[PDB]
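K.L.:
One structure coming up, written as structure tokens, with questions to follow.
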Amino acid sequence: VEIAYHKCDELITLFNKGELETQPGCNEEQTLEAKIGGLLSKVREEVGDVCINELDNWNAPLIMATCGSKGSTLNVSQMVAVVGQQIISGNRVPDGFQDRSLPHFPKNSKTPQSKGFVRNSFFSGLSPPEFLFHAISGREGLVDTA
Amino acid sequence: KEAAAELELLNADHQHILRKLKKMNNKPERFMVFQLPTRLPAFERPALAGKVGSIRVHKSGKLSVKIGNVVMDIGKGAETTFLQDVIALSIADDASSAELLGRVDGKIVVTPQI
Amino acid sequence: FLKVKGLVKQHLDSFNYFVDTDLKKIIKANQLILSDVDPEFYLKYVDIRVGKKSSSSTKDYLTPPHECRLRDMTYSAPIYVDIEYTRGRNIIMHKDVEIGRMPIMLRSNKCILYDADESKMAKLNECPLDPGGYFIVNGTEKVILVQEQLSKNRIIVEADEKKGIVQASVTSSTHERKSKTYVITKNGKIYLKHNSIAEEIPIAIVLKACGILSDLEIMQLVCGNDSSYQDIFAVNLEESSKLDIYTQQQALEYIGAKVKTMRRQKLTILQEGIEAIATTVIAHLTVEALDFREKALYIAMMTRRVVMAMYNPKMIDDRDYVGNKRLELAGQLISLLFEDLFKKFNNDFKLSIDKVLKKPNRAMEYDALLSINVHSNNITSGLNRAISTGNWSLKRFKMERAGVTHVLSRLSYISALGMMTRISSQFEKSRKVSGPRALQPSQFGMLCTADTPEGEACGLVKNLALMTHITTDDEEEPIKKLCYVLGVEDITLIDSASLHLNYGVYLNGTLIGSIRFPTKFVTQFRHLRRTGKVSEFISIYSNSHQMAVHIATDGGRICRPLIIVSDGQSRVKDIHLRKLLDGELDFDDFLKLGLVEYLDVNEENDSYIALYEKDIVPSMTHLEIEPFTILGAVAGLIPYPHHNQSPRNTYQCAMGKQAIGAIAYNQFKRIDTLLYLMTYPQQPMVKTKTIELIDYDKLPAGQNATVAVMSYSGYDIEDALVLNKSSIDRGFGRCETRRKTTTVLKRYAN
Amino acid sequence: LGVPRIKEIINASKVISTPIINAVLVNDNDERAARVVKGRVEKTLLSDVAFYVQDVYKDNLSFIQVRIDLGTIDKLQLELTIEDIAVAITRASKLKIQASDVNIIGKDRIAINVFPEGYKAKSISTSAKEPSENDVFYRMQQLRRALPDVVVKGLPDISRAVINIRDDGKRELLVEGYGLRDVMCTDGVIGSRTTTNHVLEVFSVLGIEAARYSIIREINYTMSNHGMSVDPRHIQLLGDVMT
Amino acid sequence: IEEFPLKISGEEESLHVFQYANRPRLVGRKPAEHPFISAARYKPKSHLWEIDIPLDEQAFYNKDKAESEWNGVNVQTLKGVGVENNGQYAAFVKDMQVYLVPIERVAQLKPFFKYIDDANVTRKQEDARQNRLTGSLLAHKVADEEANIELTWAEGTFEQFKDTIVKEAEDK
Amino acid sequence: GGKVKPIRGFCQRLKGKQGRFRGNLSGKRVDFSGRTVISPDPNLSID
Amino acid sequence: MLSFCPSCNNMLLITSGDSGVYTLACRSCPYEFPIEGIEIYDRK
Amino acid sequence: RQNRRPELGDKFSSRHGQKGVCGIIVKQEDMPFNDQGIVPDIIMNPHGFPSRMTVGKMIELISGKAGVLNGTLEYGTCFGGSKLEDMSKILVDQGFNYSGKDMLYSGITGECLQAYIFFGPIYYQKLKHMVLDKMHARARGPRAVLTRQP
DNA sequence: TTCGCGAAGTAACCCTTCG
DNA sequence: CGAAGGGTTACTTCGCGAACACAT
Ligand SMILES: [Zn+2]
């Protein structure tokens, strides 16, 4: 996980003191989210593949995922390997405060784990800004019922 | 970042009252505006008009304005105005008269230290 | 913190400050009354008190609230007024006069449950573990749900893409609102749309009717120097060079022929420099002389941000950020209705003098009022119908409001603490858009992230956290006096075009100074707060999108506490932690030494807050005390919530206040209309470290069960657990539903 | 693609968010194949074309001079010339802005702006009190700022346009606009395979029979992407209860 | 290092410093500025000053003679109400002891006009031939009543210098 | 400000969500019915 | 134009010269300006 | 007042957002027993665990089982409490499994179950909404005054 | 305190003809 | 050829809905 973390850290380093080559989109600060969200989404899929490649025989969350009793294979890797990238409203978590989401992170920080990337499991336990980032995305789907 | 550039701006605009102080060695009609609240006794209270002084310069460029009681009442560097024409008058009547004093140059703060 | 705060203080301290200060402040402005016929007989309301009778200690209101619950009788202590009229020999005579009834909520300063422990609660037949904080009128017990609003004396710059971008500013004149807006049409034309004026007024004449007519500094007062605002604002000065070029003899005449309030009185007052009310009713800044340069420049700063939010990406203030939201407590909500009912008592007392004054034989014997008993019935029938019915709607302060006082929910112990500590829902009803309904990152220390009423009212109402403090009021004269000492420069001597020197400064939505050496002003003034001088509210934060720095002082917003870090360490100082649990140096002796201060929402965006001690860097400004304080009273029942996923924690908060339990100690000496009991309650095996603070282990709401997670018998396919016969047979989870079917018997007219 | 799209097709409303227009190309080369077709549909103003809108002055009430960069026309292929920008001020914007007839002096001196004696004292029969003062502010300063706004080239109902890439070998542009009758009129795209959203303009240019086939396709597109199989015999009836 | 002296004097001065919002700073980046011209007027305690200056060298005002309706202009007027602050002073230096004299009522000024303003109220007679007290409109009522003190200056240089140097000569 | 418009006649008792076409002709309350909480039982036949 | 008058502090404007003088003239702030005049501004 | 027995139709909680009605009631010579004779009080279905992702209940059982065997009540607070690492050391000290899964027998046939059963103490609540109050029926009763409806 | 289209209601303007 | 009448399109205002059903 530190490989993609260092990749996202180095890609912001080329973004602050310099400038990146853009995509056929709007501009920069819009193609940044498409490259930092399209990169962190591969980490969860890779670890979900290599978790079910590793996971032991004769256990019930794999049998319920093999059948489809109640659950899936992204579901079983989310409580074992890692949770990841709580999307709200299509994009990442926006800033609640001025230029930052929480006061526990420095200003104008677009690094992962600051704009929202839960790098733990449900078995491992969450950090408090990580718990807030999970609790925001658990509301916007819950409010879709009402 | 803000404290370092703050003290460098204070260093860059700290010579300006020392520039103005040796400016105008002769005495025509000029003025400049000082501001200081919180009247101190500074040795005792004889009666508003209290004895005060000591607005000197410490070495390596440090304007050590202080009220003589206890306090290093230190601080200068007020805002530079953009309007130009400004003039002091006096309308204490004394059988209906008026005056025209000194075409005042500028304004600088005197801030207490906490 | 909870030893002197106690998690129910927003209702207690507000009511105590009401009966301490505002109950005297209302009669400070409503004590002059006379009559046209016989211009003698003046009334003078002198010092008022809530149930004291100053030549005694305590009387009359010896009764407990439990006697006022089984009898269907209100709980109240009578209020007393001394009056100093003149009847025959113009000598001001002293006499104690009871005028009203005024129900007092439980566990207040003027209550009997104050300072009771282990012997007086049992004798007066009441559980010593209930939170209190509620009223009891007509037998039933009722709370006042705390309402939130938007910030009153501010500027909201909420925009729109299809329609032109909007900017508004509400206000308040001591009980009303008088809001104002303006929409923009014709590719940029700033107007002043107000409901008390006809159609549309351009910006170029409002600054000339109120303030500057130079038309040179105006292209720097609202434009800046050079950047992009010149061509944006240049279309607004074409209206002044076409219709109206000079001062009051055309400027106020353009407004006065268009404005209308007209009172059905004071008609021919038009229009030249007289009837200048329409240039003083467009804010709350009341002026007397020709000193409105601060008010004119405040109008000019109201129309500067609408220019700034055209070239800039979004640059808007949203109605979701909880730094833009204040909240009105129970005392602040009962104060306006007591003021309106006292003023209805005032003018109806005028009508009862001349009706019986028309010369029967004389006017110089009796006690000069003699007709207060029906008026004393009228003054208490409004307080007992504003709390019981819930309609606080009066036609003076321009608001109708229903559904603010609810009956206290008594199902378990935590349902009484869920009715307590519960902020309500204001406007922006939000049918389809989930703007004011979704969860925001700004509510970290306050406004608990999981406790939400799942259903049709989800997202609108929410609940506070543990370390939350809400202020009431703070004075304004020794703060504007202190800013002049610290080095601001008032508008009356820096009126030049040198006014936008990169930052500026203004006080609570009123522009006073213009500072140079900015961080010398912020750090030195914040040191005044941390040393024992003026403190407890003062929000100090500078901005970067806008440029000013705010010294906000009007109370009514949230003040969670945090611990300071030093340059390279913290102000923890472990000897103080050892001295804390020794017996001395409580939380009141803990702010005076400069270790903690109450931070805010709109202030903590200028703060870099650390979580733990093992990750400190010298860029921090504060540290947080305990990170589990976001989950409130009801949300704290969940064991290990950071292992569950967020819909599971919300669904329990609507269910912990729903299970049966062990409600109170006087559980069998009360005749509630419906309450559920439980025969053998058991403590939870996994005690959360916050359910020991709120005393959930004293009165629990369930039983431990030796569960076995296995697929068995087929009767548990979809969410339906199977139980043991021989365990219910031995008393697993026995219930007792208890109901009241009371009737009254009364005498008739004959 | 969710519930507002099906609400809009059921409601058959008159306005629409993101009405993309798919119009297949003829060639597939790099230059002058997918660049000029996008180069005459992209809705360029004169703000990215002309340098400055300087008002040079003779003794009383001169014109508005505008300096048009031909190098931008050399970079991005547009077929506008010294006459094409001259025609588009007068007749293409006649009820919006008013300019009867002038000429160019020579070497990029486009000056189609005139205020002749204040419209001859604002229709010489004196409608107003010394009519409009003959100031150079009420119509001339208005035209000073209302003309980084006129259309020099493009189709007047289109927001923007960009090029997507075909799955195997080619590329394919798509247009966000309205009307559809002048998009297929453009050379380089053919009107035989030009499809779009907003059924009510397909009814406006093709008929009632080619509009129901756009009903049973856009519902089939907005719901089969969600993994819903709705057995299209059901939806061919819904496309014929309003046809 | 430098023991600058510093004393407070001044009792009967009550000096009123103005602020002209008309002339800019560093015209052509040259320190050579501030001319002003002759006599003015004054009005009692609502203050609303009436400082005014006449015209100067040629500007060709012959087409729009003179103010609005051919009234023969010779002066440009301005008014300003003098609401008072506290804290500041007025002060100057004897290459030593600054003087720091008091600063009684001080505010800025706004360019009030002559019969340009009076033309609309003159046309009304040319062609067409609760509590009414303190709180909202008394400032616009007791401000247009009588005239008073006003007089030209004399450039008092030596007398005020003596009055500031004699009274403070007791501390040392 | 007496009540919620204080007057109902012949259209307010016919406007939807409480009216006749909406709440008395199309959707109406019918006897010979009853509702109770559901619970699982696999030993029934599926009909 | 965004041009302002000196020494009398209002907004300049250009009116008809009545075919006797070829210049601008202003309301409440008279001023004289010759026939030469430019306005350099770039609209991107 | 009346005494209400827990019977078929009453709902229960788990302090973790797990509603559920009573499936059936069933005897003690049924539900399976361990080596010491413990039969369970309530049997839950494991299918409510994956899609609800509520593994905090799955830490609650092993933290409450070691809390009885040690005697002291243990903590389950946010972002801390009692760690799982020094939790299951109490389990292996007492003589139980590391994971809290002991082999059960069967009450209906005697032979041991094919899998390992995750059983232990979990605090359950009893809600409102009993089926005695939700039960409702009508054949032919009074009608409305205006519209003659039921 | 909110988006959706469809009714009237009113103005700018162009075609057509009259003596 | 200038002026008067008939008629097309364009700018601005109101009202009707907002899910089922239980206990209050
Ligand atoms: Zn002027």
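Residue names in the structure tokens use chain letters A, B, ... in the order shown, residue numbers from 1 in each chain, and ligand numbers from 1 in the order shown.
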Please identify the residues whose atoms come within 7 Å of ligand 1, using only C-alpha atoms (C1' of nucleotides) and all ligand atoms, and report them as a list in words.
P.N.:
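Listed by chain and ascending number, the contacts are residues 5, 6, 8, 9, 10, 11, 28 and 29 of chain G.
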K.L.:
Name the residues in contact with region 514-519 of chain C at a cut-off of 6 Å, using only C-alpha atoms (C1' of nucleotides), excluding same-chain residues fewer than 3 positions from it; report them as a JSON list (two decimals) with N, CA, C and O atoms, in the first residue's frame.
P.N.:
```json
[["chain", "number", "residue", "atom", "x", "y", "z"],
["B", 79, "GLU", "N", -0.43, 52.32, 9.31],
["B", 79, "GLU", "CA", -0.78, 52.22, 7.90],
["B", 79, "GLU", "C", -0.47, 53.52, 7.16],
["B", 79, "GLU", "O", -0.71, 54.62, 7.68],
["C", 488, "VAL", "N", -6.15, 48.79, 16.50],
["C", 488, "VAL", "CA", -6.95, 48.96, 15.29],
["C", 488, "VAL", "C", -7.11, 50.46, 15.06],
["C", 488, "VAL", "O", -6.82, 51.27, 15.95],
["C", 489, "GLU", "N", -7.56, 50.84, 13.87],
["C", 489, "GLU", "CA", -7.69, 52.24, 13.49],
["C", 489, "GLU", "C", -9.11, 52.48, 12.99],
["C", 489, "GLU", "O", -9.49, 51.95, 11.94],
["C", 504, "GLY", "N", -7.56, 44.02, 6.37],
["C", 504, "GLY", "CA", -8.68, 44.56, 7.13],
["C", 504, "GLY", "C", -9.08, 43.75, 8.35],
["C", 504, "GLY", "O", -8.49, 42.69, 8.62],
["C", 505, "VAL", "N", -10.07, 44.22, 9.09],
["C", 505, "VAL", "CA", -10.57, 43.57, 10.30],
["C", 505, "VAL", "C", -11.97, 44.10, 10.58],
["C", 505, "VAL", "O", -12.23, 45.30, 10.42],
["C", 522, "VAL", "N", -3.26, 39.08, 16.25],
["C", 522, "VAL", "CA", -4.01, 37.86, 16.56],
["C", 522, "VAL", "C", -3.40, 37.13, 17.75],
["C", 522, "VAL", "O", -4.13, 36.69, 18.65]]
```
K.L.:
Which residues of chain C have any atom within 7 Å of an atom in chain H when counting only C-alpha atoms, and what is the closest pair of atoms for each, with the distance in Å to one decimal? Order the rows by chain and rising number and write it as a tab-separated table.
P.N.:
```
residue	atom	partner	partner_atom	distance
C:628	CA	H:78	CA	5.5
C:638	CA	H:15	CA	5.7
C:639	CA	H:76	CA	4.8
C:640	CA	H:76	CA	5.4
C:641	CA	H:78	CA	6.2
C:642	CA	H:78	CA	6.4
C:643	CA	H:56	CA	5.0
C:644	CA	H:54	CA	4.6
C:645	CA	H:53	CA	6.3
C:648	CA	H:17	CA	4.9
C:649	CA	H:17	CA	6.5
C:651	CA	H:17	CA	5.1
C:652	CA	H:17	CA	4.6
C:658	CA	H:127	CA	5.9
C:659	CA	H:127	CA	3.9
C:660	CA	H:127	CA	5.8
C:684	CA	H:123	CA	6.0
C:685	CA	H:73	CA	5.7
C:686	CA	H:75	CA	5.1
C:687	CA	H:75	CA	5.0
C:688	CA	H:77	CA	4.4
C:689	CA	H:77	CA	5.4
C:701	CA	H:125	CA	6.4
C:702	CA	H:125	CA	4.3
C:703	CA	H:124	CA	5.8
C:704	CA	H:123	CA	4.1
C:705	CA	H:121	CA	5.5
C:706	CA	H:121	CA	4.2
C:707	CA	H:42	CA	5.0
C:708	CA	H:119	CA	4.1
C:709	CA	H:44	CA	4.7
C:710	CA	H:45	CA	5.4
C:711	CA	H:45	CA	5.1
C:715	CA	H:23	CA	5.2
C:716	CA	H:23	CA	5.9
C:719	CA	H:20	CA	5.2
C:720	CA	H:20	CA	4.7
C:721	CA	H:44	CA	5.2
C:722	CA	H:23	CA	4.7
C:723	CA	H:42	CA	4.6
C:724	CA	H:26	CA	5.4
C:725	CA	H:27	CA	4.7
C:726	CA	H:28	CA	5.8
C:727	CA	H:41	CA	6.6
C:728	CA	H:6	CA	6.7
C:733	CA	H:6	CA	6.8
C:734	CA	H:5	CA	5.8
C:735	CA	H:4	CA	5.1
C:736	CA	H:3	CA	4.7
C:737	CA	H:1	CA	5.7
C:738	CA	H:1	CA	4.3
C:739	CA	H:1	CA	6.2
```
K.L.:
Go ahead and write the selection's residues with C-alpha atoms as a compact mmCIF listing (two decimals), in the first residue's frame.
P.N.:
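And here's result_14.txt as it stands now:
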```txt
# COMPACT_ATOMS: atom_id res chain seq x y z
CA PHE C 628 -14.31 8.97 21.57
CA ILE C 638 -22.54 0.48 21.19
CA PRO C 639 -19.52 -1.72 22.04
CA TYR C 640 -16.67 -1.42 19.48
CA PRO C 641 -18.37 0.93 16.96
CA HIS C 642 -15.18 1.39 14.93
CA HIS C 643 -15.41 -2.27 13.88
CA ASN C 644 -19.00 -1.98 12.62
CA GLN C 645 -20.06 -0.13 9.48
CA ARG C 648 -25.29 -0.35 11.88
CA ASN C 649 -24.45 2.36 14.41
CA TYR C 651 -29.89 1.89 13.51
CA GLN C 652 -28.97 1.19 17.15
CA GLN C 658 -36.72 1.96 22.36
CA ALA C 659 -35.98 -1.16 24.46
CA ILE C 660 -37.66 -1.85 27.80
CA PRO C 684 -23.81 -5.26 30.04
CA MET C 685 -20.68 -7.40 30.08
CA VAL C 686 -18.85 -4.96 27.79
CA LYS C 687 -19.03 -1.57 29.50
CA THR C 688 -18.24 1.31 27.19
CA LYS C 689 -16.12 3.94 28.95
CA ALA C 701 -32.14 -2.29 29.64
CA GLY C 702 -31.57 -5.95 28.81
CA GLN C 703 -30.15 -9.33 29.76
CA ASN C 704 -27.02 -11.28 28.89
CA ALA C 705 -27.78 -14.34 26.76
CA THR C 706 -25.46 -17.25 25.95
CA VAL C 707 -25.88 -17.00 22.19
CA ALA C 708 -24.78 -19.69 19.73
CA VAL C 709 -24.29 -18.44 16.17
CA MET C 710 -25.29 -21.42 14.01
CA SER C 711 -27.78 -22.33 11.31
CA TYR C 715 -36.83 -21.20 11.57
CA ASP C 716 -34.04 -18.60 11.36
CA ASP C 719 -33.47 -12.29 10.49
CA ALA C 720 -35.54 -14.24 13.04
CA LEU C 721 -33.72 -15.71 16.03
CA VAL C 722 -34.98 -18.78 17.92
CA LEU C 723 -35.22 -18.97 21.72
CA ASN C 724 -35.09 -21.69 24.38
CA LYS C 725 -38.36 -22.84 25.92
CA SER C 726 -36.87 -23.80 29.30
CA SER C 727 -35.11 -20.41 29.63
CA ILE C 728 -38.17 -18.19 29.20
CA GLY C 733 -36.74 -11.31 29.82
CA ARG C 734 -40.03 -11.02 31.70
CA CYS C 735 -42.07 -7.87 31.10
CA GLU C 736 -44.72 -5.80 32.86
CA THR C 737 -46.83 -3.38 30.81
CA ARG C 738 -48.36 -0.72 33.06
CA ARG C 739 -51.20 1.54 31.89
```
K.L.:
Which neighbours of residue 159 (chain E) fall inside 12 Å, counting only C-alpha atoms (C1' of nucleotides), when residues of the same chain fewer than 6 positions from it are skipped, and could you give them as a list in words?
P.N.:
residues 29, 99 and 101 of chain B; 13, 165 and 166 of chain E
K.L.:
Against chain C, which residues of chain J fall within 12 Å? For each one I want the closest pair of atoms and the distance in Å (one decimal), counting only C-alpha atoms (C1' of nucleotides), rows by chain and increasing residue number, as CSV.
P.N.:
```
residue,atom,partner,partner_atom,distance
J:17,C1',C:431,CA,11.5
J:18,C1',C:431,CA,7.6
J:19,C1',C:456,CA,11.1
J:24,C1',C:407,CA,11.7
```
